[PDB]
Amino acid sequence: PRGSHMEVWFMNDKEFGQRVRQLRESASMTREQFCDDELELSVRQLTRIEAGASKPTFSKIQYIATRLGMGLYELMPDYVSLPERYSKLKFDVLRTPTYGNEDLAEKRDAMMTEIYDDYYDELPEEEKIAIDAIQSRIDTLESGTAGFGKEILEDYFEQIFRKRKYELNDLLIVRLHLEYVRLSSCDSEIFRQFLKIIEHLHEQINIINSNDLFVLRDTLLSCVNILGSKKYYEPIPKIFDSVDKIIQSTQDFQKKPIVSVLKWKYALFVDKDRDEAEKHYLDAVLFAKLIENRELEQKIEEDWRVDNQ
C-alpha cells in the first residue's frame, strides 16, 4: 500500500507534518499529552516536525504511529531506511584511527565531504546533528552549531540525560555538549552537569548495544581533553579503566597506542612521575613494532622527545 500504488502525491517534510497534525488533533490529543515523558519524542521536536522544519528519525516515526494506533507504513507509506552508501560512510568515518596515520585521516575527511555533498541535506534531523557532532566546534556560548541554534541542541541534550539507554546517535550528540563545557567556567552549571554525564557514560557500558561500544569508548576519550582544558584531572584515571575494559570486550585494540600515550601524559604532566610515564611510552612503541607501523612508531618516538624539553 505505497503512495505510487495508490497514485497519491509524495509526502515531503511539510505535507507529512501537516498529516501528523491532522491525525493527532482528530484523536483529541495535544502535543503535551502526545509526547508524554518526552524521551523518544519531545514537544519542541514534534512542533518542528508538524511545521515541516524537521524530518523525523525512524524511532520517532515509529513512536508517532504506535501512539496513534497505526502501523509505521500506515502513517508513512513511502518510508525508506537510510541510504546504504550513507550508513557505510558514517560507519567508516567513526571507525577510522587518526593518531599515527596521516593517510587514513585524509580518507576520513574525504568521506565526510561525500556525506555533505550527497546525503546530509536529506537526512532526518537527529542524524544531521549527529554528523555535525563528529567535528563541529562551537566558538560562542550563545550560538549553536551550523544550521541548528542552541535551543534545539539543549532539547536534544536534556532528552539524553533522562534516557536510561543511549543509542548510537545519543553518544555522538553528547559530544556537542562537551564543546559548550569548553567555553564555560569551572564554577558553572554546565560543568557540574558535564561531570554527571561522565558518570552516566560509565554506567552505559553494560547497558548499550555491544555493537555501539566503539562510539562510547571514543566519547569517553573526548572527555579527557575537556577535563584537561579545565585542569580537573581527578576523573581521568576512571576513564582509562573503562576505555581499557571496553577495548577488552570489543577486542578492537586500535586505540591501545592512543590510550597508552594519554596514560603517559597524565603520569608525566599531572603526577610529574616520568618513571611511571616511560613505562607507557615503551608499551606504545612495542605495540607499533608488533603491528609493523613505522609512521606510528616514529610519531610515538617524536612525541616522547617533545615531552622531555
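Residue numbers run from 1 along the displayed sequence.
- For the segment pair 242 to 250 and 31 to 39, the entry gives 31 to 39 the higher mean B-factor, averaged over Cα atoms.
- Taking only CA atoms, the mean B-factor in the PDB entry is higher for 184 to 192 than for the other of 206 to 214 and 184 to 192.
- The top Cα temperature factor in the record, among 125, 167, 142, 132, falls on 142.
- For residue 270, the recorded CA B-factor ranks within the middle third of the chain. Only modelled residues enter the ranking.
- Split the chain's modelled residues into thirds by C-alpha temperature factor. Residue 237 is in the lowest one.
- In the deposited entry, the Cα temperature factor of residue 229 sits in the bottom third of values across the chain's modelled residues.
- Looking at the C-alpha B-factors along this chain, the one for residue 60 belongs to the middle third.
- When the modelled residues of the chain are ordered by C-alpha B-factor, residue 52 sits in the lowest third.
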